[PDB]
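Following the authors' numbering, the numbering of the sequence shown begins with 2 at its first residue and continues without gaps.
The beta-carbon is built from N, C-alpha and C at its ideal position, and this holds for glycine as well.
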Amino acid sequence: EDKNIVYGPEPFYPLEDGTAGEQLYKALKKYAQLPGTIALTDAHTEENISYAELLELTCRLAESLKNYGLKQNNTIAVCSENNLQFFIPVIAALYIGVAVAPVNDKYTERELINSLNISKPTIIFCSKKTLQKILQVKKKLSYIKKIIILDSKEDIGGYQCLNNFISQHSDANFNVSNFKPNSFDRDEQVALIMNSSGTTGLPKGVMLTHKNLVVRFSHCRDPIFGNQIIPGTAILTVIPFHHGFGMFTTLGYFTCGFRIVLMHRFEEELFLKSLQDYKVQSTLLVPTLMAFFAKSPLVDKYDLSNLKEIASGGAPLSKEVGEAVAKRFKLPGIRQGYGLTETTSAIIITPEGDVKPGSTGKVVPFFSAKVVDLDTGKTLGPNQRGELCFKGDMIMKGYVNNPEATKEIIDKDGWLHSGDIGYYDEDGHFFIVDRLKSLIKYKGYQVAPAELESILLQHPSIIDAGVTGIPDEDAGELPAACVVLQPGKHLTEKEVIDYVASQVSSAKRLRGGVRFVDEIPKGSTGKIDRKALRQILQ
Ligand SMILES: Nc1ncnc2c1ncn2[C@@H]1O[C@H](COS(=O)(=O)NC(=O)c2csc(-c3nc4ccc(O)cc4s3)n2)[C@@H](O)[C@H]1O
Ligand SMILES: [Mg+2]
């Protein structure tokens, strides 16, 4: 009952009033008043956008959009790789209550069409790289009335660039000082529309309101649950802005006044060189990169003494990998957050002063969590694996034009069934075991790939691993593993199999075998492509 529900503590300070756009405006103005403060920095080009510049461009774009005709609750879309201009339309739209629909720049035309069919945006801000595929899909979509190019200073083939759009729809000499964003109902007005397949079905549009965002803004500035770097510190993120993992970490970074160093593509040398050169103290990565930090010798070639806040998210992180990273960088521990697109941001975060190796942290302020038995549905106590369910102020309003799917993930009481298996210890630390759909069905057993992957990652010669089940007529699914080896080292199939067998019960053995590969098929936020693993392991 109530005794088994875990609640987040009170926020260090109460929730700030206003919309997400108002809090972002106040933050940009605030840091813009300090000389030399930089908001965005492209690691590839070394170009930067100061806070003053970002305030000018977001306020001028909000005015240009209002003059153009956009009203409250209209929708725009952003299809662009990570770059300096990405967040200009996001913040400008939040200023005036326009909903933002980020769309993966790597989407095929079919995927792009379905996502745009859900959000139905009036304006699509794209990049030079995505201009052509947008032009292709737009031919089929009547609702798209305008295309703006974010990273070009000149118009291309009859399509307008950001600077010329702003110049066309806003008067030069526009006083930014006097610009004020709109005030509206933050509990009802949608801020962003994110894409997620949820737990079953095809991709859907997740509606996140301004309230959900201001809650995240509270979190990210909380002395206990927020980033542990001071305003002006440099932070490097490799997460894509179009995903909630990147979107709601970076948007909070603006409210903290950090210098956000971004990359549109992870490259080991540019990544480490950027960390040293910008004296980065915080970095946001995925488990594969945590393994890189734990085992790559290249880490020793760069001055990373400034780095102290190393965060991971998006997928299960091996306990031992985290410990190895903390140890190598002589840190008390690492940072982690756990969330879903439907919960806007991370709902379980490692709090300040409270680390527990293997645990992704504790329930964040304004949230409650529970673990329910996968059979009886009943709540469970500490150290009992079940389906993690959540409830709180960052839960989505629902899926766009799809009440059914919303009722299929948010039950009648208000609990969001995440679809992940995990547990919580006696101190309230949560542990994510793995996604339910990822569990391997070996005879009457369900083996968690993350467990075997953690074992594989304990080996000094393995830098990455992906585990899934291969079809079998008698057993159903046989656990098998794809393994990425440390350059210069070698391992046989038998070595890996015996290494795992000596540590796990008979049901978890790698009966499907082992295939060595150059990389593990994974998504941009750490999601292991199980289907691709099976193809490889066949
Ligand atoms: N930390 C984690 N540990 C284990 N598993 C994790 C995980 N995060 C996501 N997952 C998995 O991705 C699934 C959700 O996928 S999803 O729909 O595409 N959405 C997401 O993965 C998602 C949305 S927000 C977000 C995070 N925000 C953060 C902010 C700060 C910080 O320090 C860490 C984080 S993680 N992750 C989860 O159900 C879960 O299975
Ligand atoms: Mg999703």
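In the structure shown, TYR14 adopts coil according to DSSP, grouped into three states. Put simply, of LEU286, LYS495, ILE114 and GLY470 the residue whose alpha carbon is nearest the alpha carbon of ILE537 is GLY470. Checking the 6 Å criterion, the Cβ of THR361 is within range of a heavy atom belonging to ligand 1.
Taking a C-beta distance under 7 Å as the contact criterion, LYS129 and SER153 qualify as a contact pair. Scanning the region 170-232 from its first residue to its last, the whole alpha helix (DSSP H) runs of 4-plus residues come out as 211-222. Distances taken from the Cβ of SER198 to the heavy atoms of ligand 2 include one shorter than 6 Å. The closest CA to that of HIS460, considering only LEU479, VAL356, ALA325 and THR131, is found on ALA325. Among the bridge pairs identified by DSSP, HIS418 is matched with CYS390.
Contact between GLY429 and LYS363 holds, since their C-beta atoms are separated by about 5 Å, short of 8 Å. Shown here for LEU486: same chain residues with a beta carbon closer than 8 Å to its own, the five before and five after excluded, namely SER462, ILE463, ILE464, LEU492 and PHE517 in chain order. In summary, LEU375 is exposed, with fewer than 16 beta-carbon neighbours lying within 10 Å of its beta-carbon over all protein chains present. Checking the 6 Å criterion, the Cβ of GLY315 is within range of a heavy atom belonging to ligand 1. In this structure, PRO333 keeps its C-beta atom at 7 Å or more from the C-beta atom of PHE226.
In the three-state reduction of the DSSP assignment, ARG512 falls in the coil class.
Ranked by how close their Cα comes to the Cα of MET291, the residues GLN282, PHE259 and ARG329 have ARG329 in first place. Classified as exposed, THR109 has fewer than 16 neighbouring CB atoms from the shown chains inside 10 Å of its CB. Cβ neighbours of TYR52 within its own chain (closer than 6 Å, five residues either side excluded): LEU29, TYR32, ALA33, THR38 and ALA40. Our two residues, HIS220 and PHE367, have alpha carbons roughly 9 Å apart in a direct line. Distance between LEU35 and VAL99, taken at the CA atoms: about 29 Å. Taking the C-beta atoms as reference points, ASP355 is found no nearer than 7 Å to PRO383. Burial state of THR250 is buried, judged by a 10 Å Cβ sphere holding 16 or more other Cβ atoms. Distance from the C-beta of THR250 to the nearest heavy atom of ligand 1 is below 6 Å.
Within the region 408-489, the complete beta strand (DSSP E) segments at least 3 residues long are 417-425, 431-436, 441-443, 446-448, 463-473 and 477-486, listed from N- to C-terminus.
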